[PDB]
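In what follows, a structure is listed as structure tokens, so that the remarks can point back to it.
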Amino acid sequence: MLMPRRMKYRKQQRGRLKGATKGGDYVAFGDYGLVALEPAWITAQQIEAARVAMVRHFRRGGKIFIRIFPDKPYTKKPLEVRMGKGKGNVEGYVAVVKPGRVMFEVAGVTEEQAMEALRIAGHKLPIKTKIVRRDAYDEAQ
Amino acid sequence: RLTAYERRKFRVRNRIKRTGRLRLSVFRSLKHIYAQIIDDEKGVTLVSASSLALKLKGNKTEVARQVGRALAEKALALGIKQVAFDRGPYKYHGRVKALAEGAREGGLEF
Amino acid sequence: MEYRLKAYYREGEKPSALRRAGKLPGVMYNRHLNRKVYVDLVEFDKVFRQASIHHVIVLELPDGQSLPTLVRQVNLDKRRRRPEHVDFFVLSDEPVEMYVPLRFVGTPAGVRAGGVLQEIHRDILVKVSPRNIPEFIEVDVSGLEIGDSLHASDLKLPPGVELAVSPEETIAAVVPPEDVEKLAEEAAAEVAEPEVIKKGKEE
Amino acid sequence: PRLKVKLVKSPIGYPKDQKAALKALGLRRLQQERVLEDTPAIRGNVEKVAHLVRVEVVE
Amino acid sequence: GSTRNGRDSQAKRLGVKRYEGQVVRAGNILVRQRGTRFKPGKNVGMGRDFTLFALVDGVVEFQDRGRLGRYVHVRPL
RNA sequence: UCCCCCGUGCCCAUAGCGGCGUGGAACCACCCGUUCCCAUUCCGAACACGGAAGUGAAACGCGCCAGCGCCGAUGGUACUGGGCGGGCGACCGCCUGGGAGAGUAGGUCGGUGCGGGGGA
RNA sequence: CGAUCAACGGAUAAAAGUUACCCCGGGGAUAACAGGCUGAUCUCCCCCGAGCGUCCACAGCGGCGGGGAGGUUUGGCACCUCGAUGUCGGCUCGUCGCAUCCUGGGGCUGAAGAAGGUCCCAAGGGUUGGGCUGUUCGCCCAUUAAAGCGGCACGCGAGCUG
RNA sequence: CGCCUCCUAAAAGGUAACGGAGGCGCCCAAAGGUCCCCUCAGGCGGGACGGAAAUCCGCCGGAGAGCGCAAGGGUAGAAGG
RNA sequence: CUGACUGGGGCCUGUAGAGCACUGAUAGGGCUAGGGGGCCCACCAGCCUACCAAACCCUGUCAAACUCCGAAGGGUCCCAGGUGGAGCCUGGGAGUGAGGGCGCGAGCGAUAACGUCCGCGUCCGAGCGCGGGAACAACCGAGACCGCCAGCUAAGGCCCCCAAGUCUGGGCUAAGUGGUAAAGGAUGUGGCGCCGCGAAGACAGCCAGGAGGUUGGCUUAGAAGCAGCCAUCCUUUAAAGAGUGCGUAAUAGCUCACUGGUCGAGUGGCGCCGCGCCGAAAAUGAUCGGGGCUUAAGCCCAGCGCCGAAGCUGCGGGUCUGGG
Ligand SMILES: [Mg+2]
Ligand SMILES: [Mg+2]
Ligand SMILES: [Mg+2]
Ligand SMILES: [Mg+2]
Ligand SMILES: [Mg+2]
Ligand SMILES: [Mg+2]
Ligand SMILES: [Mg+2]
Ligand SMILES: [Mg+2]
Ligand SMILES: [Mg+2]
Ligand SMILES: [Mg+2]
Ligand SMILES: [Mg+2]
Ligand SMILES: [Mg+2]
Ligand SMILES: [Mg+2]
Ligand SMILES: [Mg+2]
Ligand SMILES: [Mg+2]
Ligand SMILES: [Mg+2]
Ligand SMILES: [Mg+2]
Ligand SMILES: [Mg+2]
Ligand SMILES: [Mg+2]
Ligand SMILES: [Mg+2]
Ligand SMILES: [Mg+2]
Ligand SMILES: [Mg+2]
Ligand SMILES: [Mg+2]
Ligand SMILES: [Mg+2]
Ligand SMILES: [Mg+2]
Ligand SMILES: [Mg+2]
Ligand SMILES: [Mg+2]
Ligand SMILES: [Mg+2]
Ligand SMILES: [Mg+2]
Ligand SMILES: [Mg+2]
Ligand SMILES: [Mg+2]
Ligand SMILES: [Mg+2]
Ligand SMILES: [Mg+2]
Ligand SMILES: [Mg+2]
Ligand SMILES: [Mg+2]
Ligand SMILES: [Mg+2]
Ligand SMILES: [Mg+2]
Ligand SMILES: [Mg+2]
Ligand SMILES: [Mg+2]
Ligand SMILES: [Mg+2]
Ligand SMILES: [Mg+2]
Ligand SMILES: [Mg+2]
Ligand SMILES: [Mg+2]
Ligand SMILES: [Mg+2]
Ligand SMILES: [Mg+2]
Ligand SMILES: [Mg+2]
Ligand SMILES: [Mg+2]
Ligand SMILES: [Mg+2]
Ligand SMILES: [Mg+2]
Ligand SMILES: [Mg+2]
Ligand SMILES: [Mg+2]
Ligand SMILES: [Mg+2]
Ligand SMILES: [Mg+2]
Ligand SMILES: [Mg+2]
Ligand SMILES: [Mg+2]
Ligand SMILES: [Mg+2]
Ligand SMILES: [Mg+2]
Ligand SMILES: [Mg+2]
Ligand SMILES: [Mg+2]
Ligand SMILES: [Mg+2]
Ligand SMILES: [Mg+2]
Ligand SMILES: [Mg+2]
Ligand SMILES: [Mg+2]
Ligand SMILES: [Mg+2]
Ligand SMILES: [Mg+2]
Ligand SMILES: [Mg+2]
Ligand SMILES: [Mg+2]
Ligand SMILES: [Mg+2]
Ligand SMILES: [Mg+2]
Ligand SMILES: [Mg+2]
Ligand SMILES: [Mg+2]
Ligand SMILES: [Mg+2]
Ligand SMILES: [Mg+2]
Ligand SMILES: [Mg+2]
Ligand SMILES: [Mg+2]
Ligand SMILES: [Mg+2]
Ligand SMILES: [Mg+2]
Ligand SMILES: [Mg+2]
Ligand SMILES: [Mg+2]
Ligand SMILES: [Mg+2]
Ligand SMILES: [Mg+2]
Ligand SMILES: [Mg+2]
Ligand SMILES: [Mg+2]
Ligand SMILES: [Mg+2]
Ligand SMILES: [Mg+2]
Ligand SMILES: [Mg+2]
Ligand SMILES: [Mg+2]
Ligand SMILES: [Mg+2]
Ligand SMILES: [Mg+2]
Ligand SMILES: [Mg+2]
Ligand SMILES: [Mg+2]
Ligand SMILES: [Mg+2]
Ligand SMILES: [Mg+2]
Ligand SMILES: [Mg+2]
Ligand SMILES: [Mg+2]
Ligand SMILES: [Mg+2]
Ligand SMILES: [Mg+2]
Ligand SMILES: [Mg+2]
Ligand SMILES: [Mg+2]
Ligand SMILES: [Mg+2]
Ligand SMILES: [Mg+2]
Ligand SMILES: [Mg+2]
Ligand SMILES: [Mg+2]
Ligand SMILES: [Mg+2]
Ligand SMILES: [Mg+2]
Ligand SMILES: [Mg+2]
Ligand SMILES: [Mg+2]
Ligand SMILES: [Mg+2]
Ligand SMILES: [Mg+2]
Ligand SMILES: [Mg+2]
Ligand SMILES: [Mg+2]
Ligand SMILES: [Mg+2]
Ligand SMILES: [Mg+2]
Ligand SMILES: [Mg+2]
Ligand SMILES: [Mg+2]
Ligand SMILES: [Mg+2]
Ligand SMILES: [Mg+2]
Ligand SMILES: [Mg+2]
Ligand SMILES: [Mg+2]
Ligand SMILES: [Mg+2]
Ligand SMILES: [Mg+2]
Ligand SMILES: [Mg+2]
Ligand SMILES: [Mg+2]
Ligand SMILES: [Mg+2]
Ligand SMILES: [Mg+2]
Ligand SMILES: [Mg+2]
Ligand SMILES: [Mg+2]
Ligand SMILES: [Mg+2]
Ligand SMILES: [Mg+2]
Ligand SMILES: [Mg+2]
Ligand SMILES: [Mg+2]
Ligand SMILES: [Mg+2]
Ligand SMILES: [Mg+2]
Ligand SMILES: [Mg+2]
Ligand SMILES: [Mg+2]
Ligand SMILES: [Mg+2]
Ligand SMILES: [Mg+2]
Ligand SMILES: [Mg+2]
Ligand SMILES: [Mg+2]
Ligand SMILES: [Mg+2]
Ligand SMILES: [Mg+2]
Ligand SMILES: [Mg+2]
Ligand SMILES: [Mg+2]
Ligand SMILES: [Mg+2]
Ligand SMILES: [Mg+2]
Ligand SMILES: [Mg+2]
Ligand SMILES: [Mg+2]
Ligand SMILES: [Mg+2]
Ligand SMILES: [Mg+2]
Ligand SMILES: [Mg+2]
Ligand SMILES: [Mg+2]
Ligand SMILES: [Mg+2]
Ligand SMILES: [Mg+2]
Ligand SMILES: [Mg+2]
Ligand SMILES: [Mg+2]
Ligand SMILES: [Mg+2]
Ligand SMILES: [Mg+2]
Ligand SMILES: [Mg+2]
Ligand SMILES: [Mg+2]
Ligand SMILES: [Mg+2]
Ligand SMILES: [Mg+2]
Ligand SMILES: [Mg+2]
Ligand SMILES: [Mg+2]
Ligand SMILES: [Mg+2]
Ligand SMILES: [Mg+2]
Ligand SMILES: [Mg+2]
Ligand SMILES: [Mg+2]
Ligand SMILES: [Mg+2]
Ligand SMILES: [Mg+2]
Ligand SMILES: [Mg+2]
Ligand SMILES: [Mg+2]
Ligand SMILES: [Mg+2]
Ligand SMILES: [Mg+2]
Ligand SMILES: [Mg+2]
Ligand SMILES: [Mg+2]
Ligand SMILES: [Mg+2]
Ligand SMILES: [Mg+2]
Ligand SMILES: [Mg+2]
Ligand SMILES: [Mg+2]
Ligand SMILES: [Mg+2]
Ligand SMILES: [Mg+2]
Ligand SMILES: [Mg+2]
Ligand SMILES: [Mg+2]
Ligand SMILES: [Mg+2]
Ligand SMILES: [Mg+2]
Ligand SMILES: [Mg+2]
Ligand SMILES: [Mg+2]
Ligand SMILES: [Mg+2]
Ligand SMILES: [Mg+2]
Ligand SMILES: [Mg+2]
Ligand SMILES: [Mg+2]
Ligand SMILES: [Mg+2]
Ligand SMILES: [Mg+2]
Ligand SMILES: [Mg+2]
Ligand SMILES: [Mg+2]
């Protein structure tokens, strides 16, 4: 699954999750979309689970576009150590996702198929989602 | 993208302005040689002297020296004594050196 | 078609008040005028979904004028996916830069083989007379295998309409489909630990 | 004209500078009214502690 | 478990020490900086560590000459 | 007081890149020479001197063109000083004052001071 | 000029260990027990429906992921208690929870029957004797309707044991 | 465990944690002063040995190179050669 | 008179936000060195690639130690207001150098802790004095000099415990929701919106019709619409998919989809908002503080009135300070 091939820095401070998505808010490749309704760090494993379920729905066919990427390293202290003695080790990577972001898009597949795939994919994400389809507003951005 | 000439020129002029004197600037064309004594605080020329304007003669060096003396003369008459020599992109030598020595004889202070 | 939309002038009404009342703030302009306007959202939306930035909208002003315009830019509220402001661009007799819809006529060979047409550009940017606005532009994609592609250069244009984007600009492509048979080798595929760019006497 | 300023909500728990503002206005007790020249410096403090104050234009 | 980090250096208190309009005396330090963020202008010296200071008693003035950089002047009184 | 040019400044790309055009009377350049002053880690390319047959080819100056570059509104939004609410939380809103960035329209093939030289 | 006086404002020119033989002054400013906050970890329950189940996603199961509950585990934290809150196991005596081990009621079953599986309701009562080991736990023998799991300062040492 | 540079640091200064990353304990007789002169990396093209990269020629190339060493700031209208 | 604070004006800044021009990260596509692999070769060049993929380009993004940008604010100086238990200067005396909660901004921790460590602010500390919050240092209200069997308010309240409305008008909720919880689920309920289909008679019921090729195959070993994908073509139709599922060992076996008779007015589906429902298990006896509440004594909106403190007022007194 998804992770940076290289980084300038190994650990990142945590930051905040305030606000709507910075960009990434309109459909921009495929036909139907999955937009984040609430903020989260989405884990690489969760992203990959969402993806796999979608290709599984499609069996053969369609294109999946993944529009969020886990470049944030997630740190954790080893079990049972006490506080202090440095920062935890990286245990995974998350992609920060604030409300509005189109996380995934699909194309080349029927409507009932794009609907159901994004629904199932949604169930793998630890946030509330809405499925959108491409409008003129998307096309005008 | 500047040239060795544009650079040379800046580099010497920059040093001269830094000292705050009136600057005796010198232009040297293939044929003639001109001199402004400029006030850079005001962006103004105070006295001129040219081989072009003096309808001066022949040997360029001798000519330079003449504009040199010419400049100093109009200069002292205006109360200007001290001044700084702006050799421009020109080595202090030749016609320029000659111009310089002339404003010197002429009584200009530098 | 060519679509019509009632428009109205605003002075100091607060954009939030307008929006709270179903009205979408906006502005119309071109080189000659610049006026603060609003439209009814639900009316605008009805038009816009067919119109887009692609077709002419005529603004029925209360002063009695009827100005022909292109929607130039639409601001969406990023959290709610709703329009929050519109730019109406007032067409005049000069030619204008704009977006003209692509039609991809025909079923690509690649798609028969199981592939997927990626309609990379669903429109194309074009300098053109208002009096000359094409409904669309057909593009034959039937010769496309996985993984071939068309560019704007391959676009056969109508009269009086000139390309406004690099001919080298890719506009559609036919790419391999998703395949469950790839999952196992993807799910098993060992990915290396991230390299950390060396700082210091290292580099 | 003049500003008639009335302290009506307690400055307790509000940042020191709002307490300072009341002091510049010469307001020391709740319900106290002060009539002040309507100048821009005075008006600055009145606007600063606007959520603590009731203002009314006079004469 | 322990840290290879943990160090940092003293703060250096850099930056402008006298702003435009402020009356200075000959010698007053005007700017403290690394390299030439402001250049010495009229009546302003630069020490070996780029420190800008007043050459005469007077008033500070700033000047932004675009690609030529920013400048601190002191205008005599 | 206007036009051209030569110097020298100021604004610091709305002044730049590119394409086209144009100028040699004057001025400037290239130019002709390398005895002489001076000079090349070799080179008279540069710097420098002495010149005046030629040419505006190069350079420069002045025009024109918006492909790039640069500038860029208005409108709306983000964010926010201060004042208020909500949510168990991640977080979310209202009021008042301020208000971007992106983008859109559009703009730009510079403007101006001082002194010289020439012209009307 | 002589400082890794580098524990770098540098106690002496000159210095390591041990104490379960230990002592005093203090500290709940600070650990170990218990409680508390937290709930990562732990136990339990869900959402999703890939896939298994001859056939058939859902009888029985549930990839990759997702949401929770509990407060019995191991920890985190250091909040009362260090002018003392006795600490494991056993015995004795209970009492409560229910996520029920049995007994009663029930739906589904890939329930012919008998016997099971699975879930639901249900805490009234019941829930054995023994070998090993300090053990709690666990394994084992012989039985049983069953040989439940937890709380009560890991219930109970001004109740015993030790 | 002292010292330097960046971040944390909430756009003056300052600001903690056994927070996130790196350096110092030297050096240079020029690597110092001053006068004069010069301008980079990189890209394409061309050129015996000669190569991705040696030196040479052309065009483009404002600074991405250099500046003894970490980082940062600075810097060709030079601090670089 | 210089103070806190404030007004105006200049200068300084690199955060929020944003951006991608730098440093790096980055999905896809284009273009195209370089490898991998397949044709064709060793006579050295070719050609093909749905392979991995540099640089570049386009679309779309990410960053504390990125910034082409960039606020609100903040800092400082000048002028001005500002006479305050303000300020500045010299000196005498200290105590403190264990803090803590809360809000906001971060780091650490697990987007844990009544956690930890900084910043700005506040309060407790020292206001464990007073009102509210059931009770309760730091939440809301408010800074207690003394006295009063007087008045007005604050937060919070006005059905009874309990002072003041069983106050007025509009709406919702039927869960005692209110009176602790999530993903997720649902013909709960009210209200908006958008689609289909219908008096060229729909939906429900009472009645039919669902048909040829054709048990089609890249198809193994059965694969006849109903075990995978790279096919959906039609004949005939009033209609009927080479088919929604129930069915086989594969069939055959039924219905939908879809057309026809009866009625004769609606019917089916999506989405959004408000309030509710499930999801919801813990240990001595329960409980929203209690009683009790249902066109509320609950919730949303809009009002008028009252109650309510040691706050403010009235009356009297004390002491200090300033002024007479
Ligand atoms: Mg943190
Ligand atoms: Mg996580
Ligand atoms: Mg972490
Ligand atoms: Mg830690
Ligand atoms: Mg960590
Ligand atoms: Mg992880
Ligand atoms: Mg996001
Ligand atoms: Mg979900
Ligand atoms: Mg964009
Ligand atoms: Mg208050
Ligand atoms: Mg308060
Ligand atoms: Mg304040
Ligand atoms: Mg008071
Ligand atoms: Mg007070
Ligand atoms: Mg270490
Ligand atoms: Mg550190
Ligand atoms: Mg410091
Ligand atoms: Mg420090
Ligand atoms: Mg520092
Ligand atoms: Mg500064
Ligand atoms: Mg010096
Ligand atoms: Mg130096
Ligand atoms: Mg100024
Ligand atoms: Mg000045
Ligand atoms: Mg000129
Ligand atoms: Mg000029
Ligand atoms: Mg001037
Ligand atoms: Mg010509
Ligand atoms: Mg030209
Ligand atoms: Mg000529
Ligand atoms: Mg001629
Ligand atoms: Mg000649
Ligand atoms: Mg010779
Ligand atoms: Mg001679
Ligand atoms: Mg020559
Ligand atoms: Mg020419
Ligand atoms: Mg020249
Ligand atoms: Mg023009
Ligand atoms: Mg802009
Ligand atoms: Mg604006
Ligand atoms: Mg605002
Ligand atoms: Mg605020
Ligand atoms: Mg505003
Ligand atoms: Mg901004
Ligand atoms: Mg802007
Ligand atoms: Mg231009
Ligand atoms: Mg002139
Ligand atoms: Mg003239
Ligand atoms: Mg010694
Ligand atoms: Mg020490
Ligand atoms: Mg020592
Ligand atoms: Mg020390
Ligand atoms: Mg000693
Ligand atoms: Mg000694
Ligand atoms: Mg020692
Ligand atoms: Mg010992
Ligand atoms: Mg011993
Ligand atoms: Mg012994
Ligand atoms: Mg003994
Ligand atoms: Mg002994
Ligand atoms: Mg002893
Ligand atoms: Mg003792
Ligand atoms: Mg002692
Ligand atoms: Mg303690
Ligand atoms: Mg301590
Ligand atoms: Mg302890
Ligand atoms: Mg303890
Ligand atoms: Mg403990
Ligand atoms: Mg206790
Ligand atoms: Mg919990
Ligand atoms: Mg559950
Ligand atoms: Mg199966
Ligand atoms: Mg089955
Ligand atoms: Mg299956
Ligand atoms: Mg199940
Ligand atoms: Mg699992
Ligand atoms: Mg979880
Ligand atoms: Mg779990
Ligand atoms: Mg829990
Ligand atoms: Mg417990
Ligand atoms: Mg416990
Ligand atoms: Mg709890
Ligand atoms: Mg612990
Ligand atoms: Mg514990
Ligand atoms: Mg303790
Ligand atoms: Mg503590
Ligand atoms: Mg103790
Ligand atoms: Mg005691
Ligand atoms: Mg005792
Ligand atoms: Mg006791
Ligand atoms: Mg014991
Ligand atoms: Mg028990
Ligand atoms: Mg039960
Ligand atoms: Mg039973
Ligand atoms: Mg049976
Ligand atoms: Mg049987
Ligand atoms: Mg059963
Ligand atoms: Mg029972
Ligand atoms: Mg019982
Ligand atoms: Mg029992
Ligand atoms: Mg025995
Ligand atoms: Mg035994
Ligand atoms: Mg045992
Ligand atoms: Mg054992
Ligand atoms: Mg039995
Ligand atoms: Mg037993
Ligand atoms: Mg325990
Ligand atoms: Mg016990
Ligand atoms: Mg027990
Ligand atoms: Mg005991
Ligand atoms: Mg005992
Ligand atoms: Mg015991
Ligand atoms: Mg006891
Ligand atoms: Mg006892
Ligand atoms: Mg006891
Ligand atoms: Mg006993
Ligand atoms: Mg040291
Ligand atoms: Mg800082
Ligand atoms: Mg900083
Ligand atoms: Mg700072
Ligand atoms: Mg700050
Ligand atoms: Mg300071
Ligand atoms: Mg070190
Ligand atoms: Mg040398
Ligand atoms: Mg040097
Ligand atoms: Mg030297
Ligand atoms: Mg080169
Ligand atoms: Mg080459
Ligand atoms: Mg070769
Ligand atoms: Mg080469
Ligand atoms: Mg560099
Ligand atoms: Mg090094
Ligand atoms: Mg005053
Ligand atoms: Mg002052
Ligand atoms: Mg002041
Ligand atoms: Mg002020
Ligand atoms: Mg940000
Ligand atoms: Mg970038
Ligand atoms: Mg861009
Ligand atoms: Mg960020
Ligand atoms: Mg930063
Ligand atoms: Mg930043
Ligand atoms: Mg300020
Ligand atoms: Mg200011
Ligand atoms: Mg004043
Ligand atoms: Mg006084
Ligand atoms: Mg005081
Ligand atoms: Mg005081
Ligand atoms: Mg004192
Ligand atoms: Mg004393
Ligand atoms: Mg002391
Ligand atoms: Mg003390
Ligand atoms: Mg201490
Ligand atoms: Mg402490
Ligand atoms: Mg503290
Ligand atoms: Mg404090
Ligand atoms: Mg502390
Ligand atoms: Mg705090
Ligand atoms: Mg708040
Ligand atoms: Mg915080
Ligand atoms: Mg921090
Ligand atoms: Mg968590
Ligand atoms: Mg508390
Ligand atoms: Mg704390
Ligand atoms: Mg906390
Ligand atoms: Mg915290
Ligand atoms: Mg505090
Ligand atoms: Mg104390
Ligand atoms: Mg208080
Ligand atoms: Mg206090
Ligand atoms: Mg209190
Ligand atoms: Mg009390
Ligand atoms: Mg008290
Ligand atoms: Mg209280
Ligand atoms: Mg109370
Ligand atoms: Mg009470
Ligand atoms: Mg009385
Ligand atoms: Mg009243
Ligand atoms: Mg009230
Ligand atoms: Mg009550
Ligand atoms: Mg009662
Ligand atoms: Mg009553
Ligand atoms: Mg009533
Ligand atoms: Mg219920
Ligand atoms: Mg209730
Ligand atoms: Mg209840
Ligand atoms: Mg519902
Ligand atoms: Mg509803
Ligand atoms: Mg049949
Ligand atoms: Mg429930
Ligand atoms: Mg009512
Ligand atoms: Mg009262
Ligand atoms: Mg009082
Ligand atoms: Mg009396
Ligand atoms: Mg009185």
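Summary table
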| quantity | calculated |
| --- | --- |
| Qualifying residue in region C:107-118 (condition: under 24 Å from C:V165 (Cα atoms) and either surrounded by 14 or more Cβ atoms within 10 Å (Cβ to Cβ) or not β-branched (V, I, T) (or both)) | yes |
| In region A:82-104, residue nearest to the chain's Cα centre (by Cα) [restricted to those that are more than 16 Å from ligand 7 (Cβ to nearest atom) and away from chain E (no Cβ under 14 Å)] | A:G92 |
| Residue in region A:28-46 that is more than 30 Å from C:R82 (Cβ to Cβ), more than 16 Å from ligand 19 (Cβ to nearest atom) and not hydroxyl-bearing (S, T, Y) present | yes |
| Unique match (being of a type in the set (G, A, S) and closer than 21 Å to A:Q141 by Cα) among C:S66, C:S52 | C:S52 |
| Flag for B:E62 being acidic (D, E), exposed (fewer than 15 other Cβ atoms within 10 Å of the Cβ) and farther than 30 Å from E:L55 by Cα | yes |
| Residue in region B:82-89 that is surrounded by fewer than 18 Cβ atoms within 10 Å (Cβ to Cβ) and without any contact (Cβ under 8 Å) to a residue 12 or more places away in the chain present | no |
| Among residues of region E:12-58, those that are within 16 Å of ligand 20 (Cβ to nearest atom) and either over 13 Å from E:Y71 (Cα atoms) or not aliphatic (A, V, I, L, M) (or both), counted | 27 |
| Sole residue being free of Cβ contacts under 8 Å to residues at least 60 places away in the same chain, within 14 Å of chain A (Cβ to nearest Cβ), more than 16 Å from RNA strand F (Cβ to nearest atom) and polar (S, T, N, Q), chosen from E:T3, E:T51 | E:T3 |
| All positions within region A:79-101 that are touching a helix residue (DSSP H, G or I) at 6+ places or on another chain (Cβ under 9 Å) and within 12 Å of A:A36 (Cβ to Cβ) | A:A95 |
| Failed item, numbered, when A:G86 is tested on (1) in contact with a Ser or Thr (Cβ under 6 Å, 6 or more places away or on another chain); (2) assigned to a loop (DSSP other than H, G, I, E, B); (3) within 21 Å of C:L183 (Cβ to Cβ) | (3) |
| Looking only at region A:52-76, and only at residues there that are within 11 Å of chain C (Cβ to nearest Cβ), touching a strand residue (DSSP E or B) at 6+ places or on another chain (Cβ under 7 Å) and charged (D, E, K, R), the one that is nearest to ligand 15 (Cβ to nearest atom) | A:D71 |
| Residue that is within 30 Å of C:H55 (Cα to Cα), touching a strand residue (DSSP E or B) at 6+ places or on another chain (Cβ under 6 Å) and of a type in the set (G, A, S), where the choices are C:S149, C:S166 | C:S149 |
| Residue tally, condition over 18 Å from C:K78 (Cα atoms), of a type in the set (S, T, Y) and within 15 Å of the chain's Cα centre (by Cα), over region A:1-56 | 1 |
| Every residue from region E:1-37 that is within 16 Å of ligand 4 (Cβ to nearest atom) and of a type in the set (S, T, Y) | E:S2, E:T3 |
| Wholly enclosed strands (runs of 3 or more DSSP E) of region C:141-203 bearing at least 2 residues within 14 Å of chain A (Cβ to nearest Cβ) and under 29 Å from A:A28 (Cα atoms) | C:170-175 |
| From the options A:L34, A:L79, residue that is more than 11 Å from chain C (Cβ to nearest Cβ) and closer than 21 Å to A:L2 by Cα | A:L34 |
| Extreme residue, surrounded by the most Cβ atoms within 10 Å (Cβ to Cβ), among residues of region C:39-51 that are more than 12 Å from chain A (Cβ to nearest Cβ) and not in a strand (DSSP E or B) | C:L41 |
| Failed criterion for E:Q63 (all others in (1) out of contact with any strand residue (DSSP E or B) (no Cβ under 8 Å at 6 or more places or on another chain); (2) under 25 Å from B:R21 (Cβ atoms) hold) | (1) |
| Residue, surrounded by the most Cβ atoms within 10 Å (Cβ to Cβ), within region D:7-17, restricted to residues that are within 11 Å of D:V49 (Cβ to Cβ) and away from RNA strand H (no atom under 16 Å from the Cβ) | D:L7 |
| Strands (runs of 3 or more DSSP E) contained in region C:52-139 and holding at least 3 residues within 14 Å of another protein chain (Cβ to nearest Cβ) | C:66-77, C:82-90, C:96-105, C:116-118, C:123-128 |
| Top-ranked residue of region A:1-18 - restricted to ones that are at the interface with another protein chain (Cβ under 9 Å from one of its Cβ atoms) and surrounded by fewer than 15 Cβ atoms within 10 Å (Cβ to Cβ), ranked as farthest from ligand 16 (Cβ to nearest atom) | A:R5 |
| Residue within region C:20-38 that is within 19 Å of the chain's Cα centre (by Cα), more than 28 Å from A:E38 (Cβ to Cβ), within 14 Å of chain A (Cβ to nearest Cβ) and not in a helix (DSSP H, G or I) present | yes |
| Only one of D:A41, D:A20, D:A24 that is surrounded by 11 or more Cβ atoms within 10 Å (Cβ to Cβ) and out of contact with any helix residue (DSSP H, G or I) (no Cβ under 8 Å at 6 or more places or on another chain) | D:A20 |
| Residue selected from region A:102-121 under the condition within 15 Å of ligand 8 (Cβ to nearest atom) and surrounded by 19 or more Cβ atoms within 10 Å (Cβ to Cβ), by the criterion farthest from A:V55 (Cα to Cα) | A:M103 |
| Residue among B:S51, B:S25 that alone is surrounded by 15 or more Cβ atoms within 10 Å (Cβ to Cβ), among the polar types (S, T, N, Q) and under 28 Å from E:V74 (Cβ atoms) | B:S25 |
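For every residue, the table says whether it meets (1) more than 13 Å from RNA strand G (Cβ to nearest atom); (2) farther than 25 Å from C:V180 by Cα; (3) touching a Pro at 6+ places or on another chain (Cβ under 6 Å).
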| site | (1), (2), (3) |
| --- | --- |
| A:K18 | yes, yes, no |
| A:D31 | yes, no, no |
| A:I42 | no, no, no |
| A:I47 | no, no, no |
| A:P70 | no, no, no |
| A:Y74 | no, yes, no |
| A:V90 | yes, yes, yes |
| A:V96 | yes, yes, no |
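Every residue, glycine among them, receives a Cβ derived from its backbone with ideal geometry; neighbour counts consider all protein chains shown. No value in this document is a laboratory result; all are computed from the given coordinates.
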